[PDB]
Amino acid sequence: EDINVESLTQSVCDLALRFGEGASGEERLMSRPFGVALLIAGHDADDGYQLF
Amino acid sequence: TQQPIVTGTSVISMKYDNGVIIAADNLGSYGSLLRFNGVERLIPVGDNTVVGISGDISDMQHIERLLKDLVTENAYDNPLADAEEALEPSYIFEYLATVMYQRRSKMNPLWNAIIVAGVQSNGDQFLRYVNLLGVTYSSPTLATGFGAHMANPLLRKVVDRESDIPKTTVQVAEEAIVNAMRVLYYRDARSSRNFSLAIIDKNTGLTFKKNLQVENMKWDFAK
Amino acid sequence: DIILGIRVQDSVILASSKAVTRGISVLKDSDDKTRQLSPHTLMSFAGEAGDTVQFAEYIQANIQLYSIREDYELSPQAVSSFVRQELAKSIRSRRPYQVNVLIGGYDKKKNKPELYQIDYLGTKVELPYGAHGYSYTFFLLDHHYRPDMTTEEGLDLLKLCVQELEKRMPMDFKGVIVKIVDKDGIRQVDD
Amino acid sequence: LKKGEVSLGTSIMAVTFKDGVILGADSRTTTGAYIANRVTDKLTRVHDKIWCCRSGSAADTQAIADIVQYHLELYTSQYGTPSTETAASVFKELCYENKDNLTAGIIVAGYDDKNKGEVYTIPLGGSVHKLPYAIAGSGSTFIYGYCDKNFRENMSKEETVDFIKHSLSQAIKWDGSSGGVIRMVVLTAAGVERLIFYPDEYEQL
Amino acid sequence: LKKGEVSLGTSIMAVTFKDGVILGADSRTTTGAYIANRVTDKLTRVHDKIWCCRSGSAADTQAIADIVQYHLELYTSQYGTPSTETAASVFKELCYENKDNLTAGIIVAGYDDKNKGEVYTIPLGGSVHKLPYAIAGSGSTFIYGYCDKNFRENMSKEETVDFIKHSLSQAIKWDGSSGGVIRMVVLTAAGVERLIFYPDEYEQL
Amino acid sequence: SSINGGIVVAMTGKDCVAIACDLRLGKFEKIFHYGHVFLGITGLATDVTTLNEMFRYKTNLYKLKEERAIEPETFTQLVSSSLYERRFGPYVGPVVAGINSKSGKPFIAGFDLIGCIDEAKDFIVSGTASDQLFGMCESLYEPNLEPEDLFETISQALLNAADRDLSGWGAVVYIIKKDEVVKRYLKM
Amino acid sequence: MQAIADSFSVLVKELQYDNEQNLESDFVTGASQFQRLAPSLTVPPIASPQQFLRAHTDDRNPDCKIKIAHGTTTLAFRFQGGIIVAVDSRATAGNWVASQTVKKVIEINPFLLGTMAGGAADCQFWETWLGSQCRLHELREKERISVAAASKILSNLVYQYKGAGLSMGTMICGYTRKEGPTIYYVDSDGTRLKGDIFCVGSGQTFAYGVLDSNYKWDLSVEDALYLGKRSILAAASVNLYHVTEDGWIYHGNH
Amino acid sequence: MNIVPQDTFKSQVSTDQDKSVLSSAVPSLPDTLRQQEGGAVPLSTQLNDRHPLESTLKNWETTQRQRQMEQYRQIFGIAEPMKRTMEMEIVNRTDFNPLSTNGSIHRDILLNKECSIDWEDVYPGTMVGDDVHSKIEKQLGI
Amino acid sequence: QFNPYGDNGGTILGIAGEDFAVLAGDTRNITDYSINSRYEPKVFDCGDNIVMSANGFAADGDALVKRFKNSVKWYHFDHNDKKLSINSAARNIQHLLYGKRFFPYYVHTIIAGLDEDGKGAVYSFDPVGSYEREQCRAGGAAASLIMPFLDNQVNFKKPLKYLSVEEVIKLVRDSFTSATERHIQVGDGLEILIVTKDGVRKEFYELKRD
Amino acid sequence: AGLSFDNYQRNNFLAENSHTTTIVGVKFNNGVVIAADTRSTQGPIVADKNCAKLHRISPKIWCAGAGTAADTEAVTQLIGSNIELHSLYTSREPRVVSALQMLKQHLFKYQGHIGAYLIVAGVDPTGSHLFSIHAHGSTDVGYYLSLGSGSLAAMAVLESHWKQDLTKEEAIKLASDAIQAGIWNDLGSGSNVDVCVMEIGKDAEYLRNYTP
């Protein structure tokens with residue numbers, strides 16, 4: 001099935017959280033936080049068209 | 001391991017209208033040699049749970065150690081361990097079944113058959129069976145080894161189905177258990193005359209009886 | 001899986017049979033039992049399916065990497081030694097698999113052709129001629145081999161060997177892909 | 001032994017005393033771990049005062065006992081009451097000539113006017129040994145030292161009865177193939193006497 | 001048991017009496033039918049008043065005994081004299097956690113001012129049992145009944161010495177792998193005492 | 001030329017019997033008669049032929065001596081004894097069907113390879129698989145059927161068995177009454 | 001130092017839940033088991049896993065046996081402008097009722113197809129995995145993956161588990177702009193062949209003979225479809241697939 | 001409290017179990033070229049036909065070290081194993097010698113093997129890799 | 001060599017209607033020629049109107065059901081309590097089964113529910129993972145005694161589409177009674193779970209062993 | 001003559017090439033009762049739901065068997081023929097001891113290759129007798145015996161409710177209860193119960209489907 005846009009956005013944010021402790025308790029992965037902002041545009045059956 | 005070395009024979013358990021009754025004999029046999037007399041194979045966990053284990057004695061002692069560790073960890077750090085925060089028989093059985101299946105999947109099983117009996121907080125009787133393969137099942141009457149072939153029909157004559165549970169008093173269940181133990185001592189070569197009994201009742205609590213002997217032996221029909 | 005290699009005074013001729021699979025009907029025009037290690041070094045292999053092709057492609061990748069890194073072409077002797085070492089290393093901690101390798105090259109520094117054979121255990125031997133597969137033909141090669149034979153004489157001998165092999169084979173022996181390695185490089189004979 | 005064949009995991013004790021002989025045994029027949037019969041009469045009567053106990057294959061021992069009883073009936077039809085030595089010789093010949101196909105072991109207890117009661121043992125293989133007393137079976141291995149320490153020559157009847165009772169009680173206690181009741185046959189000049197003891201009697205010794 | 005090893009076929013006994021404990025054994029080490037060592041000290045010491053006897057595989061038992069002595073030295077450095085229960089627990093853990101690789105069985109005898117002498121047995125598999133007396137080895141099977149008929153609680157030192165001597169003499173007599181001399185260690189409040197009995201003394205019993 | 005194995009089904013109707021056997025098409029039938037008794041044998045072809053010849057021999061001698069045709073029960077006992085004779089060298093699955101000439105009751109029975117008799121009041125299935133065909137027969141069987149209804153039932157069972165595993169599949173069906181025997185072929 | 005202290009601080013050991021893999025596989029700490037691009041396969045912790053699996057896979061419930069794709073005749077050939085893939089739709093008897101025809105052909109992508117000719121579960125699982133890999137490659141490179149690349153990926157994957165117990169033989173057929181129409185055969189033994197005509201199944205010599213009788217490069221779509229149908233019938237309900245540069249098109253019998 | 005090592009067998013396998021050597025074109029598959037093992041070595045072959053003593057010898061000093069730590073925890077407390085492990089980890093992590101494989105003197109002093117020799121000490125025992133940069137990447141995790 | 005597998009018998013049956021699904025199973029757990037339990041359910045409600053049943057080795061089936069339920073719980077946690085479809089559940093079960101390819105579960109699995117359109121859907125899984133959607137499937141050591149009964153008393157081409165839930169329940173009960181009469185393993189009870197848009201309903205019938 | 005050994009080598013060659021119940025007896029104060037279940041199964045499948053497992057050697061000597069069905073039936077029939085001929089020759093009522101001797105000798109002759117395990121009950125002028133016979137030629141004497149796959153439940157029931165002095169009705173009830181327990185608790189036992197009661201001086205009473 002297609003992944004919900006909010007689920008993908010949450011996954012990307014969990015990746016961005018890797019300069020510290022991860023959501024599931026993983027150790028640090030990167031020395032500094034990211035320097036990128038993202039606009040994620042999607043469509044799913046549950047919530048129609050979404051922009052995050 | 002690959003095979004039991006010192007082994008227990010049978011544990012038999014029944015449900016009655018107010019609780020559960022379990023029993024097992026005290027013997028550890030070294031092959032065909034009846035070696036150790038005075039082996040307690042019923043483990044009282046909490047104030048309402050009894051675990052009966054049949055099979056390898058070393059694995060039984062390992063399971064006893066696990067149960068003691070679980071009881072000790074339950075009080076860490078609950079100040080209400082004796083209160084409503086005690087261990088239900090369902091928790092203990094779930095833990096034991098998980099352990100048995102995990103060890104079976106690791107090709108290093110515990111050669112045991114385990115029957116967990118008790119009374120829940122709401123008063124519901126609990127009676128479950130697990131084995132070295134992790135196979136679990138429930139029934140108003142349970143038994144292991146030769147008890148599963150001889151004592152089981154005798155117990156099922158009393159508690160035939162779920163509707164017969166409220167009709168069975170504690171005296172009837174205890175008498176049936178004693179008779180089944182006598183039959184097992186009659187027709188099992190690895191059995192023992194001495195056995196222990198445990199009654200878990202939602203009103204009177206836990207009653208543990210030790211040093212019970214098979215009586216009313218019929219041997220006069222010889223000559 | 002039958003492979004042959006004949007070394008003549010000025011070149012090396014390598015012949016390989018069409019690869020077939022049990023119970024599978026395939027029609028193609030390709031040489032999947034031969035890899036070009038270098039513009040003047042060719043390799044033919046025969047053995048168990050899967051492992052042999054992986055080993056051949058691994059060897060080809062390593063040799064191409066060396067050629068790119070050094071901007072130079074390895075000699076056939078060095079190529080054969082590297083193949084022998086890698087083959088011995090492959091079965092270092094596993095059950096050995098059936099594989100036989102014929103390596104034919106033309107050393108430019110010595111300006112002469114060379115041919116080597118390596119078996120499944122990793123035994124490298126330099127030969128004037130070699131074959132693998134059916135176990136018949138060594139007598140025919142022995143009676144009709146000269147160190148100073150030309151390319152045409154070697155091709156005639158190879159044709160005779162192919163005909164002899166086809167006669168014994170129950171008419172299931174398809175064509176033979178023939179390649180020649182010499183000073184001009186590696187070419188394929190469509191005759 | 002053959003696959004699926006019944007084996008005689010018994011406890012047998014024959015003791016010679018001042019007035020004759022006593023042969024005792026248990027009464028359990030097993031199928032590995034399930035007790036097929038709680039009460040069995042392992043004391044086989046071959047002649048009026050010549051009894052035996054069997055070990056090994058049940059079928060082979062029963063066939064041998066039947067043939068020996070037939071042979072002793074034939075002998076009695078000619079020369080009267082036989083002797084324990086003759087019965088032991090017949091048992092030994094049958095067991096030794098057939099040891100390649102039959103697994104059998106016998107303990108023979110007899111009485112006669114000439115010899116005044118004797119015990120013979122024929123283990124697996126077919127060799128006959130004459131002993132003051134003999135023990136056999138799976139449980140017999142647990143009472144070797146006890147019997148060795150507590151045996152005397154020319155004991156009285158009650159002393160021999162007590163000795164056999166204690167030894168068989170220990171053998172039953174330590175062995176899983178030994179059963180409830182103890183059966184003893186006393187062969188003396190007066191006649192043949194049969195005694196039976198129950199678990200509630202000897203377990204309290 | 002791995003092929004080609006050495007098996008500790010022996011006669012091990014440990015008896016608790018009024019003033020402490022006594023641990024006894026034979027001195028025979030055999031490899032098949034050949035007596036490899038007819039003078040063997042099988043009374044392994046793991047602490048000043050904690051001794052043990054080993055059975056199964058010699059190498060595994062020696063390694064376990066060395067590790068247990070190391071553990072008890074650490075404990076003594078930290079907390080002082082350990083009790084026999086602690087040594088038995090260490091033995092049981094070592095035997096149980098390696099039961100898929102090592103075959104070992106131990107009999108542990110000990111003494112302390114509180115418990116006043118104790119006997120523990122760890123058979124093959126790793127289980128532990130506390131008994132008033134223990135017997136083990138290939139030659140033990142012949143004295144079981146005897147040991148069940150002559151043991152009394154709170155015996156004097158001489159009575160225990162005689163009981164162990166008689167039982168081990170019978171086990172030596174009836175077992176092919178048991179022989180030589182009898183070695184006994186007496187653990188009481190006074191100290192550790194060594195006793196050795198020669199064949200010419202116990203064979204006349 | 002492999003002809004080893006097959007399926008034979010026997011059913012009892014109101015006052016009749018039906019015995020059917022599978023064929024192979026692409027001359028070798030597995031049903032034989034010795035008067036008013038029918039026998040179907042499944043298994044090794046050589047054993048089938050040997051049993052057919054031996055039973056023809058014995059039935060001919062029985063008719064010559066007794067001066068009457070043999071009854072299905074007596075033939076069942078004879079087949080059982082003959083099978084038990086080769087106790088250590090046993091041959092197959094035999095099925096016996098018929099109607100007694102005096103009482104008129106239908107009779108069907110089956111045998112193992114050492115002559116153990118299984119007398120079935122409903123139906124007998126003999127064959128290698130004996131799982132799909134057995135289930136189809138169990139679902140399709142109704143007691144006390146007319147000869148036409150019984151024939152339809154057994155033909156439907158055979159067709160259903162054939163459908164669930166061919167080009168050269170056929171069947172032979174015998175509908176046996178007290179006074180008439182009808183033989184039919186099924187070509188799927 | 002805190003982790004070191006916690007390691008030597010005291011049930012979880014018996015449950016084997018101190019290991020990351022056990023917690024992940026039992027879905028204790030999250031749904032990370034269903035997030036692995038390369039799946040993890042359980043192996044018995046014994047010295048002989050392969051012999052164990054081989055012994056236990058030949059022992060007797062019919063429902064609890066590993067399903068094997070039937071050795072039906074499968075054919076594939078590339079004539080001028082596509083690939084014709086022909087299969088026979090002859091169902092096998094069983095204790096079930098099918099709501100549709102048996103899917104003897106796996107649709108990897110709108111542009112790739114594969115055949116089972118082996119173990120059903122292995123083929124389905126690994127061809128779905130190959131489709132995911134091809135989709136990821138196309139997302140990364142912004143271009144359709146070559147058929148050679150997909151066949152090589154599948155071959156490497158099945159070679160990494162060579163001898164473990166996998167049994168699958170597939171035909172990857174695809175039409176790309178750079179290469180044209182290409183057919184590869186990938187076996188569970190690591191074999192990887194490239195061909196113009198492929199015939200497999202219980203009977204394929206007759207189909208190959210029929211093809212060789214009437215095969216040429218200068219064919220047409222209708223002629224190639226008729227040739228494939230005739231070959232399948234002669235080898236004996238003929239499902240056809242025509243693969244062009246725009247994708248594959250399915251025909252029940254036409 | 002183990003004498004012979006236990007649980008040396010793998011429970012799960014995958015194509016990306018070796019995280020250090022993975023392909024870049026297909027990250028879910030291993031990189032055969034950079035493995036430099038022979039080119040025809042599937043991972044499954046490592047699960048069968050191994051010498052029984054190889055696992056025992058490969059993990060033997062680790063088992064004794066773990067048993068010693070368990071004994072210290074049982075007799076001394078958490079602090080003693082914690083300190084021993086902390087010292088050993090500090091010593092191991094500080095050292096980085098890409099041109100040598102022999103252990104440091106301080107590691108042997110902590111392990112109490114200053115005057116001890118085994119066959120590992122006597123016998124300490126390409127186109128791609130085995131250079132300084134690969135070891136730097138492995139050490140730093142980049 | 002320790003044998004990690006076993007067998008507990010039992011029979012299950014899954015049928016798909018036009019707006020409902022039915023999954024039934026005999027409630028008897030038995031070892032070799034002995035009755036462990038006369039009532040041990042093998043069909044469970046695994047979340048969002050999905051019924052699942054694994055027949056064969058009991059421990060493997062319990063483990064698979066437990067893992068699937070935990071996966072569903074984490075799926076609800078991750079995606080805003082989104083309802084899990086029957087096809088997604090089928091693929092999840094396929095991955096769970098194939099994750100043990102070299103140490104397989106000794107079970108045959110059947111799940112039932114409603115598809116996106118609202119029709120009944122039944123999926124069948126072999127022990128290693130291969131699955132397909134079927135109108136009717138019988139598993140266990142009674143399928144050869146149940147499938148011909150259904151094929152005789154109904155057609156899947158009375159068409160199955162026009163059947164109601166009561167008729168399907170009656171057919172299942174009759175087939176299981178016939179199997180109980182013919183087969184020793186089958187008996188002692190029959191539990192049926194019916195999945196409709198209103199949810200999951202449970203019914204129980206007593207067979208001929210008490 | 002006798003049982004044939006032909007095609008033994010052929011059968012072995014084919015095999016190498018891939019070419020392939022509850023019974024109780026209870027002795028009461030004036031006779032013996034033998035009871036059995038009535039289900040015949042060809043494995044998982046129930047072949048017959050009402051089968052007579054009580055076979056008759058003599059008008060007052062009955063038996064029930066297990067093991068190989070064909071061997072049991074053949075041996076019982078042969079011993080019955082021998083017993084009838086012996087009774088005609090001696091003009092006396094046959095004895096259970098004679099049948100026991102014939103069965104024992106015949107089974108020992110074949111060295112266990114004839115698989116038939118029997119419970120034999122009977123009444124003769126010397127009294128009532130009950131024996132158990134093993135396939136290798138060993139026989140045992142008892143007061144209550146059980147046989148078959150459901151013999152453990154039957155033995156439990158018999159041990160529960162057995163006394164020295166039992167009447168006919170009590171013995172019949174005990175045998176019926178033992179067979180019922182075997183039927184309920186064992187998968188291989190089912191259906192009805194067949195009983196045969198033999199007293200001293202009275203005809204044998206054979207009750208088929210005593211409890212349905």
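Residue numbers start from 1 in every chain, and the chains themselves are labelled A, B, ... in the order their sequence lines are given, proteins ahead of strands. The basis for the numbers below is simple: all heavy atoms, side chains too, and nothing from hydrogens, waters or symmetry mates.
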Report yes or no: do B:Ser121 and B:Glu88 form a side-chain donor-acceptor pair below 3.5 Å?
yes
Checking B:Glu162 against chain I: side chain, backbone, both or neither under 4.5 Å from a heavy atom?
side chain
Is it the case that the side chain of B:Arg193 and the backbone of B:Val214 share a donor-acceptor pair, with hydrogens and angles ignored and the cut-off at 3.5 Å?
yes
Could you list which of residues 147-159 of chain B have a heavy atom closer than 4.5 Å to any heavy atom of chain I, in residue-number order?
B:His149, B:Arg156
Any carboxylate oxygen within less than 4.0 angstrom of a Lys/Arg side-chain nitrogen, looking at B:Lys68 and B:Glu73?
no
Checking I:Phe103 against chain B: side chain, backbone, both or neither under 4.5 Å from a heavy atom?
side chain
Answer with side chain, backbone, both or neither: which region of I:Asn29 has an atom nearer than 4.5 Å to a non-hydrogen atom of chain B?
side chain
Has I:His183 got a side-chain atom pairing as donor or acceptor with I:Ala141's backbone, closer than 3.5 angstrom?
yes
Please classify the contact of I:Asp210 with chain B as side chain, backbone, both or neither, using a heavy-atom distance under 4.5 Å.
both
Between chain B and each of I:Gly6, I:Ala59, I:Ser34, count heavy-atom pairs under 4.5 Å; write down the option with the most.
I:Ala59
If you measure from the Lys or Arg side-chain nitrogens to the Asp or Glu carboxylate oxygens, is any gap between I:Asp188 and I:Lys208 under 4.0 Å?
no
Pair I:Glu40 + I:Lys42: basic N to acidic O under 4.0 Å:
no
Taking atom types as modelled and ignoring hydrogens, do the side chains of B:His62 and B:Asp56 form a donor-acceptor contact shorter than 3.5 angstrom?
no
Distance-only polar pair, side chains of B:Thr207 and B:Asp201, donor-acceptor under 3.5 Å
no
Any luck finding a side-chain donor-acceptor pair between I:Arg38 and I:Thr27 under 3.5 Å?
no
Residue by residue, which of residues 103-111 of chain B have a heavy atom closer than 4.5 Å to a heavy atom belonging to chain I?
B:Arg104, B:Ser105, B:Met107, B:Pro109, B:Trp111
Parallel, tilted or perpendicular: which one describes the rings of B:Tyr129 and B:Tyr137, with boundaries at 30° and 60°?
parallel
Centre-to-centre under 6.0 Å for I:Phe57 and I:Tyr106, is that the case here?
no
Counting only N and O atoms by type, is there a donor-acceptor contact under 3.5 Å from the side chain of I:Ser37 to the main-chain atoms of B:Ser138?
yes
